[PDB]
Amino acid sequence: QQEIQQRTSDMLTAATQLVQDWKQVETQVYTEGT
Amino acid sequence: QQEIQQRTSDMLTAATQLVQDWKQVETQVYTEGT
Amino acid sequence: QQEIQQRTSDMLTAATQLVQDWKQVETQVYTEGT
Amino acid sequence: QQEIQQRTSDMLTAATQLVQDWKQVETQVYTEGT
Amino acid sequence: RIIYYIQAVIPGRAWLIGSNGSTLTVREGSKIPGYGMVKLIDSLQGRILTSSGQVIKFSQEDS
Amino acid sequence: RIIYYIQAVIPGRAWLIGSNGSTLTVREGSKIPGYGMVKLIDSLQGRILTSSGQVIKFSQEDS
Amino acid sequence: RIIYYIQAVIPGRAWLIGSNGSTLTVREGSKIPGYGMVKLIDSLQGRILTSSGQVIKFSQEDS
Amino acid sequence: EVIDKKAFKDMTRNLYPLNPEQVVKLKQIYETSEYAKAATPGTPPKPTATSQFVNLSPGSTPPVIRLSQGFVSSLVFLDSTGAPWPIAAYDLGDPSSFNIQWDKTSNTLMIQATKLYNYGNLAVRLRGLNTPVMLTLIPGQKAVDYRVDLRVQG
Amino acid sequence: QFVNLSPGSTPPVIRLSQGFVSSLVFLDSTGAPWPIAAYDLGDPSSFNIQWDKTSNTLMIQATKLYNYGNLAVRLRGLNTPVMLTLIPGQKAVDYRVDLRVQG
Amino acid sequence: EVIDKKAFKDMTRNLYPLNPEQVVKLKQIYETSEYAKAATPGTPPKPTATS
């Protein structure tokens with residue numbers, strides 16, 4: 791059943807990839823000018 | 791059957807080359823004057 | 791039937807020749823005056 | 791009959807010599823006067 | 207009557223504008239005025255079905 | 207009537223200008239004044255096919 | 207009638223100048239008065255065939 | 105001299121191994137491939153402009169603006185008489201989704217959608233207004249607003 | 156072409172040829188020049204432009220193959236910027252367009 | 105000449121394994137994945153002003 795474990799390997803890499811896609815949030819920017 | 795897996799390899803290399811051709815975003819540019 | 795593929799490789803050199811021989815483009819040459 | 795490719799060898803070297811002779815074109819010169 | 211158009215559509219929430227120019231926004235669970243209740247909203251094909259059986263979609267002039 | 211000249215032929219879009227100078231864009235799913243409804247927008251050969259069965263083309267002068 | 211001559215020959219189009227000073231460009235599918243419809247275009251040797259069995263080429267002086 | 109004739113034949117076939125017809129064939133192949141690359145699946149959005157009357161009622165809803173990636177929209181802000189009200193300052197969330205060029209003493213905003221579909225919010229403080237105006241910008245629809253004019257209540 | 160300022164009016168489109176210079180001099184309803192205060196243009200990778208900071212004339216170069224973009228131009232006496240869509244890859248190329256403002 | 109035609113076909117195939125329609129449909133797959141990535145679960149909230 792090696793297809794099972796290689797499938798879990800690649801989808802776990804993809805899951806960690808989407809974790810580092812989603813765990814960050816950028817901030818605001820307030821701009822003032824006269 | 792036994793010769794199609796190398797056919798797979800050239801497909802993805804062109805595909806992975808193509809896959810970052812859309813991710814970039816061109817910056818708008820503004821020019822002043824007098 | 792065994793000499794097409796080595797002959798094909800020479801075409802591939804000309805194939806990869808023309809893409810960089812075509813898709814490059816130089817920009818304008820604007821001239822001022824007074 | 792080994793004479794087939796030796797006459798090819800000196801053929802292409804002058805041929806590769808001759809093609810780039812037509813390739814280069816120098817730009818013209820200009821001279822003012824006062 | 208007042209005819210609504212889809213001014214915005216994502217999965218989940220929808221934004222609509224009356225023929226007068228009014229503003230509204232709804233989800234699948236809400237009471238839609240003049241149409242009863244919201245049956246089904248799909249971001250695919252841009253159609254909203256109501257409990258009155260009436261369907262609200264894009265402007266055909268502005269699609 | 208309106209004699210539409212092609213301005214931009216692309217997959218999914220169409221750009222036309224009539225004989226009276228009015229300019230507009232249209233899509234595949236849309237109507238057409240003076241020709242009914244839009245049957246086919248063809249990226250190939252610069253063809254616009256109507257539901258009433260007509261072809262829209264360039265000016266012969268303006269190729 | 208109006209005498210046309212070639213000022214430029216390319217693949218794709220053709221460039222004709224009349225004897226009066228009126229010039230234009232032509233494609234494969236088009237018409238010209240006094241010669242008819244362009245049945246074929248020869249990019250080689252600067253020859254343009256038409257429907258009336260007539261070939262427009264360069265001038266005798268422009269040679 | 106047939107030896108030299110065959111020599112000329114083979115030096116020709118190795119000096120120019122590529123046919124001119126094959127050159128034109130691969131050129132059309134290049135054009136077809138790059139046209140498929142630059143082609144966008146689905147239909148492109150309809151380019152349009154709008155002029156909206158903003159309701160600043162506390163019980164009301166904030167305005168909603170459709171957008172699309174890779175295009176710049178101009179939003180102008182005038183009073184109910186239509187006179188050009190300048191813009192004092194703003195506060196924008198999600199910098200990586202919406203590119204923005206702001207002329208500091210103007211009345212119009214140029215907004216470019218940096219990301220594809222994720223939506224954002226923006227607050228703008230005007231000159232004499234004690235209360236800022238907040239709007240939602242949502243990219244990725246079949247309508248692209250090229251220019252939006254905003255008639256405010258005040 | 157004469158442009159129009161109504162929101163329902165469709166924005167004008169310009170056919171383009173790659174690498175060939177397009178000259179655009181902007182004139183009013185009366186035909187007099189209306190000088191350009193500023194401009195904004197997305198995708199410099201697809202559109203190349205020289206623009207002198209005095210005249211109402213734009214030198215436009217289509218850099219890419221089929222990428223269409225938008226252009227906004229603020230004139231010396233116009234509050235509303237003029238916004239047009241330029242697309243390359245048509246069977247004609249406008250060398251020069253005479254565009255007329257309402258104002 | 106069949107050697108030449110086979111060589112040109114093989115060079116074309118090895119140059120571009122992907123057909124243009126395959127390129128377009130994989131671009132469709134890519135942008136569908138982008139829509140999925142931008143998709144947010146649950147009910148999105150409602151903006152409002154309060155006094």
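Chains as they are written, first to last, in the authors' numbering: chain VG, 791 to 824; chain Cg, 791 to 824; chain Bg, 791 to 824; chain Ag, 791 to 824; chain CF, 207 to 269; chain BF, 207 to 269; chain AF, 207 to 269; chain CH, 105 to 258; chain BH, 156 to 258; chain VH, 105 to 155.
Don't be surprised by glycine CBs; every beta carbon is placed ideally from N, CA and C.
Worksheet item: Are any of the Cβ atoms in chain Cg nearer than 8 Å to that of CH/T218?
Response: yes
Discussion item. Helix, strand or coil, according to DSSP, for residue 278 of chain AF in the structure here?
Written reply: Chain AF is shown from 207 up to 269; residue 278 of chain AF falls before or after that span and cannot be answered.
Discussion item. With a threshold of 8 Å between beta carbons, is Bg/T817 in contact with chain BH?
Written reply: yes
Discussion item. Let me see if you follow: with CB-CB separation under 8 Å, is Ag/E822 close to chain CH or not?
Written reply: no
Discussion item. How far does the beta strand (DSSP E) with CH/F112 in it extend, from its first residue to its last?
Written reply: Here CH/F112 belongs to no beta strand (DSSP E); instead the alpha helix (DSSP H) covers 106-119.
Item to complete: Output the residue ranges of the beta strand (DSSP E) runs that lie fully inside the segment 142-217 of chain CH and measure 3 residues or longer, sorted by chain position.
Response: 150-157, 168-171, 176-182, 191-196, 202-205, 212-217
Fill in: Where the alpha helix (DSSP H) through VG/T798 begins and ends
First-last of the alpha helix (DSSP H) with VG/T798: 792-812.
Worksheet item: List, in order along the chain, the chain Ag residues whose C-beta lies closer than 7 Å to that of CH/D114?
Response: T798
Worksheet item: By DSSP, does CH/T240 sit in helix, in strand, or in coil?
Response: strand
Discussion item. For BF/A220, report the span of its beta strand (DSSP E) as first-last.
Written reply: 219-223
Item to complete: Can you pull the chain VH residues whose beta carbon is under 7 Å from the beta carbon of Bg/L808, in chain order?
Response: Within chain VH, no residue comes near Bg/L808; the closest Cβ sits about 10 Å away, beyond 7 Å.
Worksheet item: When you compare each of AF/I208, AF/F264, AF/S269 to AF/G227 by their alpha carbons, which one comes out closest?
Response: Ranked by Cα distance from AF/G227, the first of AF/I208, AF/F264, AF/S269 is AF/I208.
Worksheet item: BH/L220 to BF/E234, Cα distance in whole Å?
Response: Taking C-alpha positions only, BH/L220 is separated from BF/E234 by approximately 24 Å.
Item to complete: Count the other CB atoms, across all protein chains shown, that sit within 10 Å of the CB of CH/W189; report buried if there are 16 or more and exposed otherwise.
Response: buried
Worksheet entry | BF/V244 burial status per 10 Å Cβ neighbour count (16 or more: buried) | buried
Discussion item. Distance check for BH/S172 and BH/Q245, CA to CA, integer angstroms please.
Written reply: 8 Å
Worksheet item: With C-beta atoms as the reference, is CH/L182 less than 8 Å away from CH/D249?
Response: No, the Cβ-Cβ distance between CH/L182 and CH/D249 is not below 8 Å.
Discussion item. Quick check: what's the CA-CA separation for CF/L222 versus BF/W221?
Written reply: The straight-line gap from Cα to Cα measures roughly 28 Å.
Fill in: Contact under 8 Å by Cβ, BH/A227 with BH/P243
Their beta carbons are not under 8 Å apart, which means BH/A227 does not touch BH/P243 by this criterion.
Discussion item. Tell me the residue span of the beta strand (DSSP E) that contains BH/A247.
Written reply: That residue, BH/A247, is in no beta strand (DSSP E); it is neither H nor E in DSSP.
Worksheet item: What whole-angstrom Cβ distance do Cg/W812 and VH/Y134 have, given they're in contact under 8 Å?
Response: 7 Å
Discussion item. Please tell me whether VH/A111 has its Cβ less than 8 Å away from any Cβ of chain Bg.
Written reply: yes
Practice prompt. Return no unless some Cβ of chain BH is closer than 8 Å to the Cβ of BF/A220.
Written response: no
Worksheet item: In this structure, what does DSSP give as the bridge partners for BF/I216?
Response: BF/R219
Practice prompt. Look up AF/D248 in the DSSP assignment and give the residues it is bridged to.
Written response: Residue pairing from DSSP places AF/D248 in a beta bridge opposite AF/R253.
Worksheet item: Can you find a CB in chain CH that lies within less than 8 Å of the CB of CF/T256?
Response: no
Discussion item. Can you pull the chain CF neighbours of VH/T147, defined as C-beta to C-beta under 9 Å?
Written reply: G218, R219, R233, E234, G235
Fill in: C-alpha gap between CH/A143 and Cg/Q810, whole angstroms
16 Å
Discussion item. Output needed in chain order: residues of the segment 118-139 of chain VH with a Cβ under 8 Å from some Cβ in chain Bg.
Written reply: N118, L119
Fill in: Minimum Cβ-Cβ distance from BH/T209 to chain CH less than 8 Å
Not one chain CH Cβ lies under 8 Å of BH/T209.
Worksheet item: By a C-beta neighbour count over all protein chains shown, 10 Å radius and 16 as the cutoff for buried, is Ag/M801 buried or exposed?
Response: If you draw a 10 Å sphere on the C-beta of Ag/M801, you find 16 or more other C-beta atoms in it, and that means buried.
Worksheet item: Looking at C-beta atoms only, is the number of pairs between the segment 173-180 of chain BH and the segment 208-215 of chain BH that lie closer than 8 Å three or more?
Response: yes
Worksheet item: Where does Ag/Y820 fall in DSSP's three states?
Response: coil
Worksheet entry | Per-residue contacts from BH/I215 into chain BF (C-beta, under 7 Å) | Result: empty, since nearest Cβ-Cβ is about 16 Å, beyond 7 Å.
Worksheet item: With C-beta atoms as the reference, is VH/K131 less than 8 Å away from CH/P149?
Response: no
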